[PDB]
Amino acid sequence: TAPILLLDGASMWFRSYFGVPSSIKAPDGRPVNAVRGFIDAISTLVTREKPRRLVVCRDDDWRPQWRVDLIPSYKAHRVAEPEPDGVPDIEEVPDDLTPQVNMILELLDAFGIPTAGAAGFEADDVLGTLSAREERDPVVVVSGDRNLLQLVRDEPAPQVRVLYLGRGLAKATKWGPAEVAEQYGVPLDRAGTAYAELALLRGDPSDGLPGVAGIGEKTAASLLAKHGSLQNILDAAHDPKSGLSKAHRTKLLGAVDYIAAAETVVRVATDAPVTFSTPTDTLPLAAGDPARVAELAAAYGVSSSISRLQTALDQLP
């Protein structure tokens, strides 16, 4: 069947911010380069994948404090102003990008394109939850965030693929367990989960996660190849029985607290309390509020992008 497309909104509109010139502006002079690029990406995806179901996954909290509680360095270098309790921290975002996110969200709401979020969770968690739950159609997760390669799945069906944006949407291809295993050396039979365990061990500087000192990606791969899983690796270390080297034992035992804390940080949540802005995840074939869509698109200088999206929708069987 047609795939359901699950879109990592922030990954995509950050990409369009940096991929479309800032001289693309609304009639009031505000840049709309990210708005244009993001709407154009939806149209490209609709044409390429021909989905019947599409969801733009939101970051109701781009840096959940429950992750920060576990590893305080998590995303810390990207915070402009920390906010207390459940108020999301102020992310360091260009001043001319923040209004464009508001424009995008306004357009999506007026059009009736499904968006989904979960309070105190990232879009990453919405994606993992909607991917894990899906029972009817193959899933395509659209993102440039490599940590989401942990979602790849073949069985149990339906399959999950990541349309990885690291080189842009035009060059993007679909990653499954095979591709993740081939590129990161994790075992095929549990490539997605093993990828998250490799990423935990080796670290993720972009997310502020140091990893385990002395266990780089090569060592992490060989230990997963030999012991199968992170849990088995820790077992081998806590257990003078095994053929684990004393050096690897020391490095792992010296990081038991970090490893336990990082597991829940690195893994996307799969049971997040996702809610939708729409009654279903069906992609509307025309704007739910066409007058408001036309007025917003004119005000935001993306009338032709919206028109091209409606042409893409019109060609769906």
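Each residue number is its position in the shown sequence, starting from 1.
task = May I ask you to compare 60-68 and 277-285 by their mean CA B factor in the entry and name the higher one?
result = Higher mean C-alpha B-factor in the PDB entry: 277-285.
request  = Could you check the entry and say whether 189-197 or 92-100 has the higher mean CA B-factor?
outcome  = Per the PDB entry, the higher value belongs to 189-197.
message = Just the C-alpha B-factor column, please: which of 244, 152, 80, 123 has the biggest number?
response = Of the options given, 244 has the highest CA B-factor in the PDB entry.
ask   = In the PDB entry, which of 156, 128, 112, 211 has its C-alpha at the highest B-factor?
value = Of the options given, 156 has the highest CA B-factor in the PDB entry.
ask   = By its CA B factor, does residue 30 count among the lowest, middle or highest third of the modelled residues in the chain?
value = Within its chain, residue 30 is a lowest-third residue by C-alpha B-factor, going by the deposited values.
query = Can you tell me which third, lowest, middle or highest, the CA B-factor of residue 267 falls into for its chain?
reply = It falls in the bottom third of the chain.
query = residue 225: which third of its chain by C-alpha temperature factor?
reply = Answer is highest: the recorded C-alpha B-factor places it there.
ask   = Based on the entry's values, in what third of the chain does the Cα temperature factor of residue 51 lie: lowest, middle or highest?
value = Its C-alpha B-factor belongs to the middle third of this chain's values.
inquiry  = Using only modelled residues of the chain, where does the Cα B factor of residue 119 rank: lowest third, middle third or highest third?
reply    = Middle third - that is where residue 119 ends up once the chain's C-alpha B-factors are sorted.
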